Amino acid sequence: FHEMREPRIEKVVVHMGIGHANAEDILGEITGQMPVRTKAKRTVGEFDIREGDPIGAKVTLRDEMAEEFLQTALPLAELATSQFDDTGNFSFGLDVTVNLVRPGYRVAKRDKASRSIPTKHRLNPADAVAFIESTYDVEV
RNA sequence: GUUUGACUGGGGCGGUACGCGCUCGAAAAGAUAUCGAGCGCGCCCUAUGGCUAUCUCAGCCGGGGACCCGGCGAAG
Ligand SMILES: [Mg+2]
Ligand SMILES: [Mg+2]
Ligand SMILES: [Mg+2]
Ligand SMILES: [Mg+2]
Ligand code: NA
């Protein structure tokens, strides 16, 4: 049963929602791989009327690139609880989000016969705290 | 020397139902009138055309009315 039910980290998104950049550089070094532009939608008063327009960058890290990052990110954060997803996710911080899920996630991310992950097989906030807390730190 | 139009609950004034498109009137095929009700067209676009690749939207919810992550979401 287990082994295929135990959580794992799937991508960590580090993004700097600026409002118009030079910031990429630090993201590249803090993570280790090229950042991606963040275009914006809708015209608005913060002199942000431009639809297609660089207004920040993000970096999706997977596997080791994600751990080797969290092995310094987490320590720089304290928070826990309430600040957790209903799906077992959590964002802290410049933002750093951690998407958590169990072994059969590809089923909902592939092209052929894809399918939505059953609520039961979903990751709960609690089942999440456990996994992570059980990895160099403490909850609340 | 001539012209100075037509429509119209007489004619004139007003209007254009004088060329076109849609809903309703229209009576569950088609056709169907009034100066019937609601309201539009006389363009604009070198992309706002064409194809291919990749992709899924409104709105709401939860985590850090811009941006980022997840979730619900046949279509508003
Ligand atoms: Mg004569
Ligand atoms: Mg005369
Ligand atoms: Mg007459
Ligand atoms: Mg008929
Ligand atoms: Na005439």
Side-chain angles (χ1 to χ4, degrees):
Chain A
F1 68 100
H2 77 300
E3 186 185 66
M4 299 302 263
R5 275 271 307 185
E6 54 184 60
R8 75 180 188 193
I9 286 182
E10 186 202 63
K11 83 178 177 175
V12 181
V13 186
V14 307
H15 133 283
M16 298 192 277
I18 313 177
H20 35 71
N22 58 311
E24 289 179 54
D25 312 304
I26 58 182
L27 270 180
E29 305 175 299
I30 183 184
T31 58
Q33 72 186 192
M34 290 187 67
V36 141
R37 304 289 169 167
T38 292
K39 297 175 183 175
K41 291 185 174 182
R42 299 189 184 185
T43 283
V44 174
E46 35 180 290
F47 206 170
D48 181 40
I49 61 179
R50 181 169 171 163
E51 176 148 306
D53 54 354
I55 306 184
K58 76 179 180 185
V59 186
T60 58
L61 300 167
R62 291 179 148 76
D63 280 295
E64 302 183 304
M65 299 287 266
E67 297 183 305
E68 298 188 302
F69 175 86
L70 281 177
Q71 298 186 64
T72 43
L74 299 179
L76 304 183
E78 333 164 300
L79 289 174
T81 33
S82 82
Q83 176 190 39
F84 270 76
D85 229 67
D86 311 59
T87 316
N89 301 156
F90 73 99
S91 181
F92 63 94
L94 175 151
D95 305 298
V96 170
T97 347
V98 184
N99 196 186
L100 304 172
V101 76
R102 28 195 55 148
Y105 198 60
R106 171 187 165 66
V107 169
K109 292 298 173 183
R110 49 170 179 178
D111 284 351
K112 329 177 195 172
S114 70
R115 209 119 326 188
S116 189
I117 297 309
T119 58
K120 321 78 176 185
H121 196 69
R122 287 278 183 67
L123 190 57
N124 296 64
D127 304 307
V129 179
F131 171 69
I132 306 180
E133 183 182 59
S134 169
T135 311
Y136 297 57
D137 67 61
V138 174
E139 59 174 295
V140 183

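Sequence lines set the chain letters: A, B, ... in the order given, protein chains first and strands last, and positions in each chain run from 1.
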When you measure from the side chain of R37(A) to the backbone of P54(A), do you find a donor-acceptor pair of N or O atoms at a distance under 3.5 Å?
no
Would a 4.5 Å heavy-atom cut-off, applied to side chains only, mark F92(A) and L79(A) as touching?
no
Separation of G70(B) atom P from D127(A) atom CG, nearest Å, is 20 Å
If you measure from the P atom in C41(B) to the same atom in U16(B), how many Å do you get, rounded?
15 Å
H15(A) NE2 - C69(B) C1' separation (whole Å):
10 Å
Based on the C1'-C2'-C3'-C4' torsion angle, does the furanose ring of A29(B) adopt a north or a south pucker?
north
Is the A17(B)-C18(B) step stacked (ring centres under 5.5 angstrom, plane angle under 30°)?
no
Strictly under 3.5 Å: I want the nitrogen or oxygen pairs between protein and nucleotides 58-61 of chain B, one per line.
unit_1	atom_1	unit_2	atom_2	d
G59(B)	OP1	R42(A)	NH2	2.9
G59(B)	OP2	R42(A)	NH2	3.1

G70(B) OP1/OP2 closer than 4.0 Å to side-chain N/O of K11(A):
yes
Mate of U3(B) across any strand shown (Watson-Crick or G-U wobble, both atom pairs under 3.5 Å) is none
Would you kindly compare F84(A) and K109(A) by the position of their nearest RNA chain B nucleotide and give the one closer to the 5′ end?
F84(A)
Smallest separation among heavy atoms of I117(A) and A108(A), with atom names:
CG1-CB, 4.1 Å
Are the side chain of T97(A) and the backbone N or O of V13(A) linked by a donor-acceptor pair below 3.5 Å?
yes
Separation between the P atoms of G9(B) and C18(B), rounded to whole Å
11 Å
Whole angstroms only, please: what is the CG-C1' distance between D111(A) and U54(B)?
10 Å
Using a cutoff of under 3.5 Å, can you pull out all pairs of nitrogen or oxygen atoms linking the protein to nucleotides 72-76 of chain B, with atom names and distances?
unit_1	atom_1	unit_2	atom_2	d
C72(B)	OP1	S116(A)	OG	3.3
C72(B)	OP1	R122(A)	NH2	2.8

Any strand is fair game: report the nucleotide pairing with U56(B) by Watson-Crick or G-U wobble, both distances under 3.5 Å, or none.
none
The furanose of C61(B), with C1'-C2'-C3'-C4' positive read as north and negative as south, falls north
Take atom CZ of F92(A) and atom P of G62(B), then tell me their distance rounded to the nearest Å.
22 Å
Quick check: does any side chain N or O of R115(A) sit under 3.5 Å from a backbone N or O of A113(A), one acting as donor and the other as acceptor?
yes
From the options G65(B), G62(B), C68(B), select the nucleotide whose nearest atom is closest to the side chain of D85(A).
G62(B)
Can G11(B) and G12(B), neighbours in the strand, be said to stack by the measure of ring centres under 5.5 Å and ring planes under 30 degrees?
yes
Integer-rounded Å distance: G65(B) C1' and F47(A) CZ:
20 Å
Syn or anti for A27(B) (syn when the glycosidic angle lies within 90° of 0):
syn
Taking atom P of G71(B) as reference, at what distance in whole Å does atom CD of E10(A) sit?
9 Å
At their closest point, which heavy atom of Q83(A) faces which heavy atom of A80(A), and how far apart are they?
OE1-N, 3.5 Å
Once you round it to whole Å, what is the distance between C1' of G71(B) and NZ of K120(A)?
15 Å
Under a 3.5 Å cut-off for both contacts, is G9(B) paired Watson-Crick or G-U wobble with anything, and if yes, with which nucleotide?
none
Out of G65(B), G71(B), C69(B), whichever nucleotide has its closest atom nearest the side chain of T87(A):
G71(B)
Planes under 30° and centres under 5.5 Å for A47(B) and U48(B):
no
Across all strands, who's sitting opposite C51(B) as a Watson-Crick or G-U wobble pair, both distances under 3.5 Å?
none
So, is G40(B) syn or anti if syn means the angle is within 90° of 0?
anti
Based on the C1'-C2'-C3'-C4' dihedral, does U4(B) have a north or a south sugar?
north
Between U52(B) and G62(B), how far apart are the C1' atoms? Round to whole Å, please.
38 Å
Complement of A17(B), any strand, by Watson-Crick or G-U distances under 3.5 angstrom:
none
Closest non-hydrogen atom pair, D137(A) against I132(A):
OD2-O, 3.7 Å
What are the two closest heavy atoms between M16(A) and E24(A), and how far apart are they?
CE-N, 4.3 Å
Take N89(A) and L94(A), find for each the nucleotide of RNA chain B with the closest heavy atom, and name the residue whose nucleotide sits nearer the 5' end.
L94(A)
Are the six-membered base rings of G40(B) and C41(B) less than 5.5 Å apart at their centres, with planes tilted under 30 degrees?
yes
Check the phosphate of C69(B) against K58(A), side-chain N and O only, distance under 4.0 Å to OP1 or OP2. Yes or no?
yes
Paired with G70(B): which nucleotide, if any, by Watson-Crick or G-U wobble criteria at under 3.5 Å for both distances?
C61(B)
Please determine, for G36(B), whether a Watson-Crick or G-U wobble partner exists with both distances under 3.5 Å, and give it or none.
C24(B)
Measure from the side-chain heavy atoms of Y105(A) and tell me the nearest of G71(B), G65(B), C67(B).
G71(B)
CG/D25(A): more than 12 non-hydrogen atoms of other groups inside 6.0 Å
yes
Indicate the atoms forming the closest heavy-atom contact of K120(A) with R102(A), along with that distance.
O-NH1, 4.0 Å
Rounded to the nearest angstrom, tell me the gap between atom CG in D95(A) and atom P in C69(B).
11 Å
Taking all non-hydrogen atoms of both residues into account, name the closest pair between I55(A) and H20(A) and its distance.
CG2-N, 3.5 Å
Just by modelled atom types, is the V129(A) backbone N or O under 3.5 Å from a matching donor or acceptor in the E139(A) side chain?
no
Quote, to the nearest angstrom, the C1' distance that separates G76(B) from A58(B).
7 Å
